[PDB]
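>>> quick one: initial chain(s) of a complex, as found there:
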Amino acid sequence: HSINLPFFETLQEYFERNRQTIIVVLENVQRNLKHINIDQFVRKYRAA
């Protein structure tokens, strides 16, 4: 017999929400990284 509780359901829901938000943040970070090319960073370093 399986015992499930509303606390388990809320836990899973909040876990899913937090994972989604963190995935969004990670995608933002990846896009920001790709936004500024490494060669442009080297160019700025060379100018400095």
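Yep, it's here. Numbering: from 1, shown residues only, chains lettered A, B, ... in the order given.
>>> against residue A:25, how distant is residue A:41?
Between residue A:41 and residue A:25 the computed distance is 22 Å (C-beta to C-beta, to the nearest Å). (Each C-beta comes from the backbone N, C-alpha and C, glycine too.)
>>> let me fix that, I meant to ask about residue A:45.
In terms of C-beta to C-beta, residue A:45 sits 28 Å off from residue A:25.
>>> which SSE is the most centrally placed residue in chain A in?
Centroid-nearest residue in chain A, with C-alpha atoms, centre = their mean: residue A:26, separated by 2.4 Å. Using DSSP states H and E, residue A:26 falls within helix A:6-35.
>>> helix or strand right after that helix?
Following helix A:6-35 in sequence, per DSSP H and E, is helix A:38-47.
>>> from the chain's centre, how far out does that next one sit?
Helix A:38-47 has its C-alpha centroid displaced from the chain centroid by 27 Å (C-alpha atoms, centre = their mean, to the nearest Å).
>>> and if you look at stretch A:41-48?
Taking C-alpha atoms, centre = their mean, one finds stretch A:41-48 lying 29 Å from the centre of the chain it belongs to.
>>> extra chain here, label it chain B:
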Amino acid sequence: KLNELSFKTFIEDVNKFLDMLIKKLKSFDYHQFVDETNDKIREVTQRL
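Below, chain B sits with the chains from the block before:
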């Protein structure tokens, strides 16, 4: 990995790996492991 992760699936994967490790340990053979150790010692000696 963040997208892959899920609490129920995470615990399921951990239990799977633990069962695999238990099966490996219970079937552990000291002669085979000793030969593997000799192989690794020979590898380290050959490397250095």
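>>> re earlier: so which elements touch the helix holding residue A:26?
Counting contacts by 3 or more C-beta pairs under 8 Å, 6 or more residues apart in numbering or on different chains; DSSP states H and E, helix A:6-35 packs against helix B:7-26.
>>> residues touching the helix it packs on, excluding its own?
The contact list for helix B:7-26 (C-beta atoms under 8 Å, 6 or more residues apart in numbering or on different chains) reads A:11-12, A:15.
>>> repeat that for 7 Å
With contacts defined as C-beta atoms under 7 Å, 6 or more residues apart in numbering or on different chains, helix B:7-26 is touched by A:12, A:15.
>>> could you do stretch A:36-48 as well?
Contacts of stretch A:36-48 (C-beta under 7 Å, 6+ apart): none.
>>> chain center to that stretch, what's the gap?
From the chain centre to the centre of stretch A:36-48 is a distance of 26 Å (C-alpha atoms, centre = their mean).
>>> equivalent analysis for stretch B:22-34, please.
Taking the mean C-alpha point of stretch B:22-34 and that of its whole chain, the gap between them comes to 11 Å (C-alpha atoms, centre = their mean).
>>> onto the same structure, chain C please:
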Amino acid sequence: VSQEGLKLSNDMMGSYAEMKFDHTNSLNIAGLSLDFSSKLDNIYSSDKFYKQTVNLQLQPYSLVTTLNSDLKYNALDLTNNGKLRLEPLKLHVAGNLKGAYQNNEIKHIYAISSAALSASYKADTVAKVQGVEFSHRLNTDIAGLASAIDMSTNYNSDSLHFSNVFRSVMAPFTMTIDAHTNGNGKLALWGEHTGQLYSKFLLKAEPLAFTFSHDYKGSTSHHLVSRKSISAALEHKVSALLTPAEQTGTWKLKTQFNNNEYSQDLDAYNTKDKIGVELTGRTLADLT
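The block that follows adds chain C to the chains above:
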């Protein structure tokens, strides 16, 4: 003393009547090596004397030590010899010790060596006194780490002979025990006493699962004076399979005295589905 090195030699000879004492010590110094020898013999009588001989040699990266001494007292004798070779990370210790008085003699063998950073040890002790032998052997290759143990203890006598053999290994994870014992007991004081021994023990263990079984049979018949025929026949065997998912055990106890017997049947059960035990106490008794 010279640029080559020190040299020291001394001899002290003293003797009168049965006593002669010849003592010499040769101490030589040469480069990065030492040579020494002390050969001392103390004769008090032909069969009553003492001998000592110590010889040490030091050379770069090697040690050699020899120790030989001899003692005699006519009817009694004792001899001992110990070899010691040592060099970086390699040890080799071997020798003999032997004490004897007429027929009754004891033989001992000792040899300890260390190679590949693993220590090996073998010892053999045998005693033969008044026509009775004792053979207990500690076998070779007790490594010291991830080690193993083997043994062979044997006692032999007319009234009793005893044989014991054991083997076990202490490898990192898995455990095993192979114990087998046999003993025949024959004794006549106030009638014959046939002491029979059948004892077997075996144990195996491994991660998250343990099991074992004891197998013993005990039977003894006493033909005591006054026409008393007494037979004590105890028979117990044990076993149990242990692991987190399933757990159970069994214990068969059979005991009887002459015409009176009791037998109990036990089985212990502990598993996901159920837990339960079953008992059958059956008795046979005499007298009103």
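>>> the contacts of helix B:7-26 again please, chain C included this time.
With contact meaning C-beta under 7 Å, 6+ apart, helix B:7-26 is reached by A:12, A:15, C:173, C:206-209.
>>> related to what we said a few turns ago, buried residues, the helix holding residue A:26. List them.
Across helix A:6-35, burial judged by 16 or more other C-beta atoms under 10 Å in any protein chain shown covers residue A:19.
>>> distance from it to the middle of the chain?
Counting by C-alpha atoms, centre = their mean, helix A:6-35 comes out at 6 Å from the chain centroid.
>>> gap between the residue in the stretch 1-150 of chain C positioned nearest to chain A and residue C:185?
Taking C-beta to the nearest C-beta, chain A has its nearest neighbour within the stretch 1-150 of chain C at residue C:146, 44.8 Å off. Taking C-beta to C-beta as the measure, residue C:146 falls 39 Å from residue C:185.
>>> with residue C:128 instead?
22 Å.
>>> likewise for residue B:29?
Residue B:29 sits 42 Å away from residue C:185, going by C-beta to C-beta.
>>> please apply the same query to residue C:41.
When distance is defined by C-beta to C-beta, residue C:41 is 51 Å away from residue C:185.
>>> any idea how far chain A is from the spatially most central residue of chain B?
For chain B, the residue nearest the mean C-alpha position is residue B:21 (6.5 Å; C-alpha atoms, centre = their mean). Noted for residue B:21: a distance of 26 Å to chain A, by C-beta to the nearest C-beta, to the nearest Å.
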